[PDB]
C-alpha cells in the first residue's frame, strides 16, 4: 500500500537513480515573482532554468514541491470541501529535464516507476497522448508495449501544455489508473501523472516552432496517488490527511461520512489546516491584501465552517500541532516554526471569532428576510455591510448566501464600493474605479 511519506522518498530516490539531482522544494512564496502569489506546480521554481535564463550543476532534477492552487489561473479554493480531489495545499512529485532526455526517456522512467516501484498492474493503466503526437503514441504502443485499446488520442484541451499565452509549450501524456467498474468518468480512470513534453515555443502570433533543446516537466500529485495505493476513494482519507478529519470530528463532535454538509466542513477544515500551517511557516502573515489576505480568507473560511459545525471556540491553532507532527519527517523545518505558526493562527481566530458569529447572525438575518419578501439576491448595501462592518471576505459572503440559493448584487456592490471610495474623496492597494468590485474579492475592506 505504501504510506504517503514512502511514496515521496520512493519517487525522489528512484529518479536520483537516474542521474537526477534531488532538489529541495521551493518555498510556497516565490522569491522574486510579485505577480504570482504562491507556487502552483513543481516546475515554477525551475521556470527560468527551462527558459535558459538560469543554469544548474545538473541537467536532471527531481523534487516534491509544496503547492497552493488558490490564485490566478490555478484557483481551486472555491471547490475545496465539495469534492474528494481538490486542495489548496498539496504536494506534487516531479522530474525535470533541461535540454536533456525527452519523450522516450520520460515515458520509460514513468512506466518503470509506476509498474515496478508502485507495483500498479500494467493491465489497469491507461495513457493519453495528443492526437497529433505520433511520436508519443509510438513509444507507448511499440516501445512500452501498451495495447492500442489502452491509449487515448485527445485534443489540445486534453493533451497540450503551455507555459503561458506565449513561450515554451508542447504535447503532454497523462497516466490514468483504472480503479474499477465501480466508479465512473474521471473517478474510474484517475489521472495520477502528467508528463509534459516541452517541445515548442509559441510566439506572439500563435505560431509554433521547435525548441533547440526540448525539456521535460512532469507532475504527480502525492495525495492522489497515495489514495490509489492506499485503497481510498478520497484524498482526504489518506494516511497523512485522515487524521485531520478525525480532529475535526473530535472538536465538533460530529462524525465524518454521515451528512454531505458535515463532510464539507470537515474536509475544508482539514485542507485549510494544511494550507495555513505551510503558508505561515514559509513567512506569510495574515493581512488584508495579497498573500496575507489569501491566508486570511482560508483561515477565516475554516473558522466559519468550524462554527457551522457548532465549534464556539478557537480550534484551528490546535490543528497546527497535528499538521506539524504528521509532516515533520518530510519537512522538519516545521517544528522550528510550530509555536510561531500556532501563535499566529490562535491570534487570528481570537481576533475575528466574535465578529464572525455576529456577522453570521446578520447575514442569515438578511438572507431569511430576503427569501421571505421574494428577493433572490443580497443587495449591494447588505454585501457591503457584511464585508465592511463585519470584515467578511466577499467570497465567503457569496458562499454563505449560496447555501440558501441566494446570489449577490455584484453591480449594486460595485456601486456601493464607489460611494464609499467617494466618502473618502468628498465627505497599500490601488484600483481603477469600476474595478473596486473585482479588487474587493482579493482584499479586505480596510485595504480599499
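Each form is matched to the other, and the largest set of C-alpha atoms that superpose within 1.5 Å is called the rigid core. Positions refer to the first chain, counted from 1.
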Check your understanding: Do the Cα atoms of 417 to 425 stray more than those of 42 to 50 in 5 other deposited structures of this protein, or is it the other way round, with the core held fixed?
Key -> 417 to 425
Check your understanding: From residue 17 on to residue 18, does the model leave out none, 1 to 3, 4 to 9, or 10 or more residues of the deposited sequence?
Key -> none
Point to revise | 172 to 180 or 107 to 115, whichever carries the higher mean Cα B-factor | key: 107 to 115
Review point. Which has the higher mean CA temperature factor in the PDB entry, 244 to 252 or 311 to 319?
Key: 244 to 252
**Study point:** Top Cα B factor in the deposited entry, candidates 377, 234, 277, 128
**Key:** 377
Review point. Between 347, 167, 94, 121, which one tops the list for C-alpha B-factor in the PDB entry?
Key: 121
Study note, to complete from the structure: On the chain's distribution of Cα B-factors, residue 158 falls within the third called middle
Study note, to complete from the structure: In terms of its chain's C-alpha B-factors, the third that includes residue 293 is the lowest
Review point. Where does residue 399 sit by CA temperature factor within its chain: lowest, middle or highest third?
Key: lowest
Study note, to complete from the structure: Split the chain's modelled residues into thirds by Cα B-factor; residue 72 lands in the middle
Practice item. Would you mind checking where the Cα B-factor of residue 230 ranks among the modelled residues of its chain, as the lowest, middle or highest third? Key: middle
